[PDB]
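Next up is one chain by itself, shown in structure tokens, the form deposited in one PDB entry.
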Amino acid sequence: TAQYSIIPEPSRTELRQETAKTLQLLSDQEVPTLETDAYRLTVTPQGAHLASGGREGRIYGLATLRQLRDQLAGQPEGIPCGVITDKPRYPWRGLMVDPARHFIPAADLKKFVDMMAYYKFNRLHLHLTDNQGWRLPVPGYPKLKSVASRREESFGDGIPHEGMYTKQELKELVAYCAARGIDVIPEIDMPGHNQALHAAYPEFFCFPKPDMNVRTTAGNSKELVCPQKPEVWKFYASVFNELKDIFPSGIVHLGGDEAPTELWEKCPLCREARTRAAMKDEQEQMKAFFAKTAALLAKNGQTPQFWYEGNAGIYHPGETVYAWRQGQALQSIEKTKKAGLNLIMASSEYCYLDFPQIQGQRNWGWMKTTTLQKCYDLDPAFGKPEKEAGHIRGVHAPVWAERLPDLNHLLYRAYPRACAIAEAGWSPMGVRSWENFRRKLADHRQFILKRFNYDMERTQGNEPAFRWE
């Protein structure tokens, strides 16, 4: 019979027999009984009543009302009356954009934010720095702009790529996100993924290479900042001071992914520093590096996060890590619990939205296909009980942009899988089903076309063309 098409699925929908042809908001009340992230939305033939426990729940209730208005706009016969009582399963529901790989203009970020807010995402993570570019301006380090923000080409295409946000643009983004219920999380990836920083400031590295250029290809860089160099710590203190001014979330993602330690092992400065500190290997050195960085953050009231790299011993109890490596989700849940770490689920089997969504679409010679149906199969807890998985804070989907050069390409791969991620982060398992989700997503094609002039239809051949290979 007649249903709503709200994504994410609300925790409770009680449908009634009457029909509503108006969604005029008749009441909008803050009530003490509901939690601050919760709302109750009642649809009657005379209009709608919204109750919420706080500003956060109110934002979510208005987001549901927006989807119901989009449904009603396409249903002249009216929509069912009913009561929706709703609160998210997980408090962290995030997407990550990758302007380091391909710069995202301010106007395009706005559209990306409006779309994620429509699905009740509440975290926007900015991957600001990598091998292919550096997008955060830092006073006192002008070569980040003149060198690190520019590259000669991408994958042999001969086409230079550059870009850097202004401080005013980033403060605009923060306010734009806050008005839509979204906290912004900057990432300064360290100690690796740093070829762009090396191109600008080779003196920060164990083996300075003045001829180094910003990377124009994918693949792994072995260049790690040298923890023995005072300039490194002065630089990151300056970076973190800018983040304190710009990003009121106070959370700084430090990255830490894909940082092989070969060059630390060989570095003549790091070798003797390890001898002085009685460090037996470079994992102990990595632990000390993160601890020193966390101490710098703590001076500003900031807190770190990391990509989980499978060695829980390098993090400090109470810190948050992101599980991402293929095949490691269950082990990561267990090891982070034992180590006293909090966990965000970003498993690349379900959440890496750079991967093609239909078999036969560009995989660049290595990417597996993650279909919409596969994505929807994600339970962030992997069926584990609360005593084993209560340290999981939520779900997070990166849209890595090595191969996504503009917003058109970004949205093509981000959606509709981001809709499934939204439901995995928000909806209790007891209201989730592929059949129901698929039904609603079909209706959402018209909703998103109407509201955003954007088409979420996916076929193998309708991905925008690429210039490479």
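Each residue number is its position in the shown sequence, starting from 1. Here, rigid core means the biggest group of C-alpha atoms that superpose within 1.5 Å across both forms.
- According to the PDB record, 323-331 carries the higher mean C-alpha B-factor of the two stretches 109-117 and 323-331.
- Of the two segments examined, 413-421 and 431-439, it is 431-439 that shows the higher average Cα temperature factor in the deposited entry.
- The entry lists C-alpha B-factors for 396, 145, 167, 384, and the highest of these is at 384.
- The maximum CA B-factor among the listed residues 189, 211, 183, 203, taken from the PDB record, is found at 211.
- Among all modelled residues in this chain, the alpha-carbon of residue 196 has a temperature factor (C-alpha) in the lowest third.
- Ranked against the other modelled residues of its chain, the C-alpha B-factor of residue 248 as given in the entry falls in the middle third.
- Placement of the Cα temperature factor of residue 61 within the chain: lowest third of the modelled residues, per the deposited record.
- The entry lists a Cα temperature factor for residue 99 that places it in the lowest third of the chain's modelled residues.
- Annotation for residue 150: CA B-factor lies in the lowest third of the chain's modelled residues.
Only in words, not in the display: the form deposited in another entry, which the text now covers.
- Per-residue Cα shift between this form and the one not shown after core alignment stays below 2 Å for all of 85, 361, 342, 283 except 283.
- Superposition on the rigid core between this form and the one not shown places the CA atom of residue 153 less than 2 Å from its counterpart.
- Comparing the forms between this form and the one not shown on their rigid core, the Cα displacement of residue 388 reaches 2 Å or more.
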